[PDB]
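Chemist: Got a sequence here, can you model it:
(2 chains, ligands or ions: 2)
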Amino acid sequence: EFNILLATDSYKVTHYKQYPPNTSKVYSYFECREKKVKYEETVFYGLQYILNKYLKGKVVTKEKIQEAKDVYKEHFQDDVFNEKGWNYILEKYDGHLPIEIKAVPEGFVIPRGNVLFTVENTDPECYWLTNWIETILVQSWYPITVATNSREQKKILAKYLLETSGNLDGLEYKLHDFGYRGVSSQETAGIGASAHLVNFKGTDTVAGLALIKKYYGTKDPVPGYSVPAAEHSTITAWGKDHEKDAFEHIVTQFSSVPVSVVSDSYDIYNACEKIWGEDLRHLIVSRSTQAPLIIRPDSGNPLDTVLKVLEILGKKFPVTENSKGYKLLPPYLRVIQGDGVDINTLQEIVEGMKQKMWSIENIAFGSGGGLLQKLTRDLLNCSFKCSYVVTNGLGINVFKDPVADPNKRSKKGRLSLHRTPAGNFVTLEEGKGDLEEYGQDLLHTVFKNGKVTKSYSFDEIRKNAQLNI
Amino acid sequence: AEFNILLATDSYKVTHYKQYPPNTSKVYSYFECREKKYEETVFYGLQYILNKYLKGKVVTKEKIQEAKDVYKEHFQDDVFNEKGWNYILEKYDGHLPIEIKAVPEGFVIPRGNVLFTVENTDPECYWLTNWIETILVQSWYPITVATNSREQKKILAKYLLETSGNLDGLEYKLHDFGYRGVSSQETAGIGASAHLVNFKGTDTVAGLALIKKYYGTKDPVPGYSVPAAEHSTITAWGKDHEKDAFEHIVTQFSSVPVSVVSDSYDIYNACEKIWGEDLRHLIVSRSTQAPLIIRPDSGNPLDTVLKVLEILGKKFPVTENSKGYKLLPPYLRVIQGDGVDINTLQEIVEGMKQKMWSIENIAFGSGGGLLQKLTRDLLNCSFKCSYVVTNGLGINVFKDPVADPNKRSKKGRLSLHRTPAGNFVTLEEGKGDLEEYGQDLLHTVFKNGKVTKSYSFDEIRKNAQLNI
Ligand SMILES: O=C(Nc1ccc(CN2C(=O)c3ccccc3C2=O)cc1)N1CC(c2cccnc2)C1
Ligand SMILES: O=C(Nc1ccc(CN2C(=O)c3ccccc3C2=O)cc1)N1CC(c2cccnc2)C1
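Modeler: Residues are numbered from 1 along each chain as shown, chains lettered A, B, ... in the order given. Ligands and ions are numbered 1, 2, ... in the order given. Pasting the structure now:
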């Protein structure tokens, strides 16, 4: 059972005693601060999950106040917990948070250094609450960063797909999520997988399917799809001497559907030349355009291994030249590179495939740790700061401006996001957005006093995150 | 809501029951942190997985139907082992017929060593062993956080010993600041608890409830914190009232330690004029157990610490300890909470020693470097099948990639032993049965939906202790 009173940074428990006396409003905002992947624009995704899972409804109970008071007395070796403040929310509001959250629509692709969401207390007694929930809200850095980095990889794949083949067919099935085991927790898996599924349709991280269904919803049967595939265990269990029988049984069991057969168990080059290219060739050439064999190398240099595999297949199977002049394997034969794949190495493989005249139609990518784990809050400088305060009737525009780091400077006053006359975005500071020079604020109220006031379907998120191309 | 184990694996594993050789009755697999710094790994976090996701009735009629409906759409085919999960529900009342043996939690084991093993206790459930690989491999995260945190405790102990002569207050030298910098609420709890195996200082409150619930301590809480300011509690006063904010906060926390972030506008100015002159009288009057902890939070981490220490040393009396290292007065300390990871901490303790500053003067706060900037590939944490039983024959199975010899896995039934010299060794091919030296260090922790052996967090802390 989750308790919002124990889901903050410990020092925030002490902050109610630190603000200027008679503070009635603490108003804060979140941005991906500005500074070969630059990440100049970000997909805004994941807040709806946090609003629903942690912030809406009766989140304050007498049992939760008692739990927090007893924990923090031991944790601080001092009584410094705001029992009165939390009891006030319980009595006046039936444990519903007197907070208002305004955000940019989910799936929206916004350039760096723009307000993405704002937080403020609706009750003067709860000026301290705005920054209590900073910690839980700042964790939206993760779904944002996964969705942005995955979108950046989609631009790479889309460039090389159109370059080498003239179409963008099956782009949505070119980057497969292999990350379930490589993430820090079961919860991160669902969050991360769901963020990737904003840009792609292929996933092995089953957790992401239920998260979308519960917090976003879709008109579609499933948010994501997978194909039957082998692991080293289902190959090696047959014995070193029976790597052929493993391959033979697997391709026969899944003959009406595409099947990924890991082929590096002992010798990848030997598996492609002797097993697939000769001994089981009659089981390959017969396969459907809707049911191809997907060969999977899983070791060695990703670009080197990819090229050696493809040419072996070029000798043993008929390779056709396409409209652009790029080599194309038969429709029943494809490849998956599911090892050492991140945004950088993905770029190096597709560039190499282009340089050796191979079409990107021939391959798909499998990314785990690089896709959902090897990402930090600093990649996009995801940050939550106080920009405005009301103390004893006087509103003041506040910000930090550290001398040794001007990139750490934050925005001032009440903020708003606007569509510019040239179809771009601008963040207005100091409440200038009230004048509506560039029309209405693009932030909408998504949360107000314990209630989710605006929700997005995963379908409109997907439409919003589409590549301009 | 509610967790469903049938929905808690990599999609392809749903298809493996149809891939294993005909008449397979046992699939035996193991976990290790493969070799080729991190020479020794802290085993921690498996008990959390066992209790939370694997023990008891983890299979229900509703959960089978939930999985079946999903996979039908997910795969565009009815490839799901409904009959196999139904068997577990009927025969074992939804309890997992599995046996997990693991090295005790807190143990410090070198790389390329069996940490835990999994095998099915029913021949109809040969497929179950690797179904749960995905859930078990996630133990990489508490192992890596506990290991990387212990490595930092090693650096801190060495440098604190060379500059002060003692290891006093070591457990409070690396404070967890990672709550906001992690991927989820669950990761925060797991990660914070893993740092707490080595230290006692945390701001990631989620770690306490995990330890209380899954491990337990003699002490009321495993982790402690101090009141501290943030940029918003400073800046809310206005740019011209930084002295007023400071005065207020140090007066409110007059008799307890207090961390005050001082780089809102100008760190050096805040040190030299505000703390150094104007509010100096409010600092020199403080108790040794209630000091002012100055927090810089931007600029080059080493250059900023050295310049801060230089300014404080010109405004407050600095002494030379028994080691001949510069010591600040007991009512004044520093916390470097920005840009701290294993590499930068090392550079900062190095830089201070070279500028004759004692490490008694500083503590570190680490967020993303401590709990987020870590991957499964750091310690090469992997789950591999080493042994199978097919048509009554038991055979040793392994992977040996032609282009990567590091990726070669162990063969057959494994066991972890200690030589009389003290070093660990993994017996392959069932050689453990020859009881060549002592007992197997792997003890049954899980068997048939039941958690068979448990460790307290105090036990884990003892097993995890530094050599010195
Ligand atoms: O390779 C896979 N899956 C797999 C491979 C390729 C594709 C992409 N794709 C299609 O959808 C498709 C449809 C029709 C024709 C061609 C194709 C195609 O090429 C999808 C999944 N694995 C799951 C497994 C894994 C999971 C976790 C960790 N480590 C390993 C290894
Ligand atoms: O600085 C802190 N805490 C803090 C400061 C110093 C210490 C170390 N320490 C002691 O325990 C102690 C006891 C007695 C005397 C001296 C000391 C001392 O020096 C621990 C925590 N912050 C919490 C906050 C933050 C920022 C970002 C993210 N998450 C949280 C900023």
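Chemist: Compute the distance between the nearest residue to residue A:98 once chain neighbours are set aside and ligand 2, please.
Modeler: The shortest distance from residue A:98 to any residue that is not its chain neighbour, by Cβ to Cβ, 6 or more residues apart in numbering or on different chains, is 3.9 Å, and that residue is residue A:123. Backbone N, C-alpha and C define where each C-beta goes, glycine included. Counting by Cβ to the nearest ligand atom, to the nearest Å, the gap between residue A:123 and ligand 2 amounts to 26 Å.
Chemist: does residue A:28 sit in a helix, a strand or a coil?
Modeler: Per DSSP: H, G, I helix; E, B strand; the rest coil, the local secondary structure of residue A:28 is strand.
Chemist: contacting residues around it?
Modeler: A:118, A:119, A:120, A:130, A:131, A:134, A:384, A:385, A:386, A:387, B:232 (Cβ atoms under 8 Å, 6 or more residues apart in numbering or on different chains).
Chemist: and it, how far is that from ligand 1?
Modeler: For residue A:28, the distance to ligand 1 equals 39 Å [Cβ to the nearest ligand atom].
Chemist: what do you get for residue A:217?
Modeler: Remark: distance between residue A:217 and ligand 1 (Cβ to the nearest ligand atom) = 24 Å.
Chemist: Residue A:74: how many residues sit nearby?
Modeler: Other residues within reach of residue A:74, judged by other Cβ atoms under 10 Å in any protein chain shown, total 15.
Chemist: go on, residue A:344?
Modeler: The number of residues packed around residue A:344, counting by other Cβ under 10 Å, is 12.
Chemist: Would you state the strands of the stretch 51-200 of chain A in chain order?
Modeler: Under the criterion DSSP state E, counting those that start in this stretch, the stretch 51-200 of chain A contains strands at A:99-103, A:109-111, A:115-121, A:175-177.
Chemist: Could you list every helix and strand in contact with the last one?
Modeler: Read that as strand A:175-177. For strand A:175-177, the helices and strands in contact under the criterion 3 or more Cβ pairs under 8 Å, 6 or more residues apart in numbering or on different chains; DSSP states H and E are helix A:141-165, helix A:186-196, strand A:363-367, helix A:369-372.
Chemist: which one of those lies closest to ligand 1?
Modeler: Of all these, it is strand A:363-367 that lies closest to ligand 1, at 3.9 Å by Cβ to the nearest ligand atom.
Chemist: Quick one: residues contacting residue A:343.
Modeler: A:37, A:149, A:152, A:153, A:156, A:370.
Chemist: Domains in chain A, by residue range?
Modeler: For chain A, the domain assignment from curated CATH domains gives the residue ranges A:1-138+A:377-455, A:139-376+A:456-469.
Chemist: do the longest one and ligand 2 meet?
Modeler: No - using Cβ under 6 Å from any ligand atom as the criterion, no contacts between domain A:139-376+A:456-469 and ligand 2 are found, and the smallest distance is 12.7 Å.
Chemist: how long is that domain end to end?
Modeler: Taking Cα to Cα, to the nearest Å, the first and last residues of domain A:139-376+A:456-469 lie 30 Å apart.
Chemist: Stretch A:422-433 now?
Modeler: Across stretch A:422-433, the terminal residues are separated by 17 Å (Cα to Cα).
Chemist: Most tightly packed of the helices and strands packed on strand A:175-177?
Modeler: Mean neighbour counts were taken over the helices and strands packed on strand A:175-177 using mean count of other Cβ atoms under 10 Å in any protein chain shown, and the top value, a mean of 29, falls to helix A:186-196.
Chemist: which residues touch residue A:392?
Modeler: Residue A:392 neighbours (Cβ under 8 Å, 6+ apart): A:20, A:21, A:22.
Chemist: Could you identify the buried members of those residues?
Modeler: In the contacts of residue A:392, burial by neighbour count holds for residue A:20, counting by 16 or more other Cβ atoms under 10 Å in any protein chain shown.
Chemist: From the contacts of residue A:392, list the ones also adjacent to chain B.
Modeler: Within the set of the contacts of residue A:392, contact with chain B (Cβ under 8 Å from any Cβ of the partner chain) is found for residue A:20.
Chemist: what about the helices in the stretch 151-300 of chain A?
Modeler: Read by DSSP state H, counting those that start in this stretch, the stretch 151-300 of chain A holds these helices, from start to end of the chain: A:186-196, A:207-215, A:232-236, A:243-253, A:268-270, A:281-284.
Chemist: deepest of the ones you listed, which one?
Modeler: helix A:186-196 (a mean of 29).
Chemist: is any part of that one close to chain B?
Modeler: Yes - contact check for helix A:186-196 against chain B, using Cβ under 8 Å from any Cβ: residues in range are A:186, A:187, A:188, A:191, A:192.
Chemist: List the contacts of the first one.
Modeler: Taking Cβ under 8 Å, 6+ apart as the definition of contact, the neighbours of residue A:186 are A:207, B:3, B:8, B:53, B:135, B:138, B:186.
Chemist: let's see 7 Å
Modeler: By Cβ atoms under 7 Å, 6 or more residues apart in numbering or on different chains, residue A:186 lies in contact with A:207, B:8, B:186.
Chemist: Then the fourth one?
Modeler: Counting by Cβ under 7 Å, 6+ apart, residue A:191 touches A:46, A:49, A:142, A:143, A:211, B:183, B:184.
Chemist: Not counting its neighbours along the chain, what's nearest the fifth one?
Modeler: Nearest-residue entry for residue A:211: residue A:190, 3.9 Å, with adjacent residues in sequence omitted and distances by Cβ to Cβ, 6+ apart.
Chemist: I'd say residue A:161 and residue A:169 touch.
Modeler: No - Residue A:161 sits out of contact with residue A:169 when judged by Cβ atoms under 7 Å, with a separation of 8.0 Å.
Chemist: ok, residue A:406 - how many residues close by?
Modeler: Each residue near residue A:406 was counted by other Cβ under 10 Å, and the total is 9.
Chemist: repeat for residue A:122
Modeler: Here the count is done by other Cβ under 10 Å, and residue A:122 has 14 residues near it.
Chemist: Over to the one 5 residues further on?
Modeler: Around residue A:127 sit 24 other residues, with neighbours defined as other Cβ under 10 Å.
Chemist: Can you list phi and psi of it for me?
Modeler: Reported as degrees, to the nearest 10, the phi and psi values for residue A:127 are phi -60, psi -30.
Chemist: One more: residue A:113?
Modeler: Backbone torsions for residue A:113, taken as degrees, to the nearest 10, come to phi 80, psi 30.
Chemist: residues near it, how many?
Modeler: Here the number of neighbours of residue A:113 (other Cβ under 10 Å) works out to 15.
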